[PDB]
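**Student:** give me a 3D structure for the following:
(one chain, ligands or ions: 2)
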Amino acid sequence: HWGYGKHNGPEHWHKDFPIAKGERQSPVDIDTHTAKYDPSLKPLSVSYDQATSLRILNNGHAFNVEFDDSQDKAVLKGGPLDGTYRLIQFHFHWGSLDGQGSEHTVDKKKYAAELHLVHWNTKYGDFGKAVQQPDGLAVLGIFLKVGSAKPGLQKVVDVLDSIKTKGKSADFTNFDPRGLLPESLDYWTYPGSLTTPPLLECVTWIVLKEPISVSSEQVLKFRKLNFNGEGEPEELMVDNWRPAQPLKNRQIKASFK
Ligand SMILES: NS(=O)(=O)c1ccc(C(=O)NCC(F)(F)C(F)(F)C(F)(F)C(F)(F)F)cc1
Ligand SMILES: [Zn+2]
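**Tutor:** Residues are numbered from 1 along each chain as shown. Ligands and ions are numbered 1, 2, ... in the order given. Find the structure here:
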């Protein structure tokens, strides 16, 4: 029964999910002065040429664009990662206004939204096994600021009216997630967790330094989605972000000087 409200929001998650107070929780504030350049990191390899999107689903907390991950089509490799991570879905977190919405922050700055491209380590064979491992997932995080429209985001924006409420889905084939990437792949990386229950500590985070720009009209349409199911009292899907968590005994590394 968790969600984002007063009564069921991030401050309450620890009661059903005690790992909420664990040692490697996400998101975190990225203090740009404290993150150390690690000349040993690699260039990330984002290989999305063969990506096969299938469906888009309003799950009551966000919407997921789902991919065929039955074999190695769209994969993330390199950077801080060992081995091959298959793209399974992407989704966003966003705010009620442009001044909040991201989960990670940069020197305490909140972006209007944050995209997460979720990938799982194929050495564990399936996603449900991968989330039980400390190196099971790699989530590529991309900040959104409001300015010029992002042309590669418009197909997502235009299907949202058809999945307004929890449990609705729509066919969503042939979507190219390369159109959501910024120009630079410079990133910060640290070990963390899923940012929604069950909050599993299984994620290598890779957060791109360069935000993408989306238009105010684009993000306004995210904010017309609903957390509720069909016919239920309307609760706009906004502010579905978890705040920054304590860094504890972790190091955030930069891939760039
Ligand atoms: N915001 S995020 O950090 O990018 C992010 C990315 C992905 C998930 C996600 O797959 N939750 C769903 C889930 F994994 F928890 C799961 F239900 F599928 C599960 F596999 F653990 C379970 F519970 F065993 F079935 C959550 C947060
Ligand atoms: Zn997320």
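**Student:** and the stretch 51-200 of the chain, which residues reach ligand 1?
**Tutor:** Residues of the stretch 51-200 of the chain lying near ligand 1 by CB under 6 Å from any ligand atom: 116, 118, 128, 131, 139, 194, 195, 196, 198, 200. Where you see a C-beta, it was placed from the backbone N, CA and C, and this is true even at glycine.
**Student:** okay, those in TSV with distance to residue 66, neighbour count and secondary structure next?
**Tutor:** Shown next, in TSV, are these (distance: CB to CB, whole Å; neighbours: other CB atoms under 10 Å; DSSP: H, G, I helix; E, B strand; the rest coil):
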residue	distance to residue 66	neighbour count	secondary structure
116	13	24	strand
118	10	23	strand
128	15	10	helix
131	16	18	coil
139	15	24	strand
194	17	21	coil
195	18	23	coil
196	16	22	coil
198	19	15	coil
200	19	20	coil
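**Student:** phi first, then psi, for residue 93.
**Tutor:** For residue 93, the backbone dihedrals (degrees, to the nearest 10) come out as phi -130, psi 140.
**Student:** contacting residues for the residue nearest to it when sequence neighbours are not counted?
**Tutor:** Here the nearest residue to residue 93 in space, its sequence neighbours aside, is residue 241; by CB to CB, 6 or more residues apart in numbering that works out to 4.2 Å. Neighbour list for residue 241: 4, 27, 93, 94, 95, 100, 101, 102, 103, 114, 195 [criterion: CB atoms under 8 Å, 6 or more residues apart in numbering].
**Student:** rerun that using 10 Å as the cut-off
**Tutor:** Neighbouring residues of residue 241 by CB atoms under 10 Å, 6 or more residues apart in numbering: 4, 10, 27, 62, 92-95, 100-104, 110-111, 113-114, 195-196.
**Student:** gap between it and residue 4?
**Tutor:** 8 Å (CB to CB, to the nearest Å).
**Student:** which residues do the two both contact?
**Tutor:** 10, 93, 196.
**Student:** and for the second one, the neighbour number?
**Tutor:** Residue neighbour count, defined by other CB atoms under 10 Å, stands at 27 for residue 93.
**Student:** pretty sure it contacts residue 239?
**Tutor:** Yes - counting by CB atoms under 10 Å, residue 93 does reach residue 239; the two are 8.8 Å apart.
**Student:** give me the number of residues near residue 239?
**Tutor:** 16.
**Student:** do I have it right that it meets residue 102?
**Tutor:** No - if you go by CB under 10 Å, residue 239 and residue 102 don't touch, sitting 11.4 Å apart.
**Student:** can you pull the residues that touch both of the two?
**Tutor:** Common neighbours of residue 239 and residue 102 (CB under 10 Å, 6+ apart) are 93, 94, 95.
**Student:** and those residues, which is closest to ligand 1?
**Tutor:** residue 93 (6.9 Å; CB to the nearest ligand atom).
**Student:** who's that closest one bridged to?
**Tutor:** Note on residue 93: beta-bridge partners residue 114, judged by DSSP bridges.
**Student:** ok, it - contacts?
**Tutor:** 4, 27, 61-62, 100-104, 111, 113-116, 141, 144, 195-196, 222, 239-242.
**Student:** which of those fall within strands?
**Tutor:** Assigned to strands by DSSP state E, the following of those qualify: 113, 114, 115, 116, 141, 144.
**Student:** ok, the residues you listed vs ligand 1, which is closest?
**Tutor:** Closest to ligand 1, out of all of the ones in strands among the contacts of residue 93 and judged by CB to the nearest ligand atom, is residue 116, at 3.6 Å.
**Student:** that closest one and residue 154, how far apart?
**Tutor:** Note on residue 116: its distance to residue 154, by CB to CB, is 20 Å.
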